[PDB]
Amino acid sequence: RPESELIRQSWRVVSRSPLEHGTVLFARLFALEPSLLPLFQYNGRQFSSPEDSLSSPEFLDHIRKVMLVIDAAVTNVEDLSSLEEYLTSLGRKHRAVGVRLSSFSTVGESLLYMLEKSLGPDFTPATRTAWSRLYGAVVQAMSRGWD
């Protein structure tokens, strides 16, 4: 709740260029968990390398979608239960596409990584903790989709 400001202020920097920042998050994600790459299947084809995904307009569009859902979480940072229904169904989608629930922890690490690299000295441990708890709440809501 004091850290709701910490979320708000830190997100301001990154929301100004969501694709550039989102591309950091996804490049980091594939570096940590390369087995996620085949799950982005567009026009019946699999990306061979992570740099392949960055040439795909559909993949970059998904980066934008991801950033908009995080942006919705920031907007509702003070009460995330308003998004529970939407997030539950987003979890069910991703379950359908083949994402394991556990892969969302790597996503969280990739989000925290992108924030640390963007904010530098401004990524205080209280900012880390706040984002950890906001992201934790998002994934909690999403996890409902897996049962």
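When you see a residue number, it is the position in the sequence shown, counting from 1.
So which stretch wins on mean C-alpha B-factor, 27 to 35 or 74 to 82? Comparing 27 to 35 with 74 to 82, the higher average CA B-factor belongs to 74 to 82.
Which has the higher mean CA temperature factor in the PDB entry, 41 to 49 or 106 to 114? Higher mean C-alpha B-factor in the PDB entry: 41 to 49.
Would you check the entry's CA temperature factor for residue 136 and let me know if it's in the chain's lowest, middle or highest third? Ranked within chain, residue 136 CA B lands in the middle tercile.
Test of reading the entry: by CA B factor among the chain's modelled residues, which third contains residue 69? Lowest third.
Based on the deposited C-alpha B factors for this chain, I'd like to know if residue 93 is in the lowest, middle or highest third. It belongs to the lowest third of the chain when residues are ordered by C-alpha B-factor.
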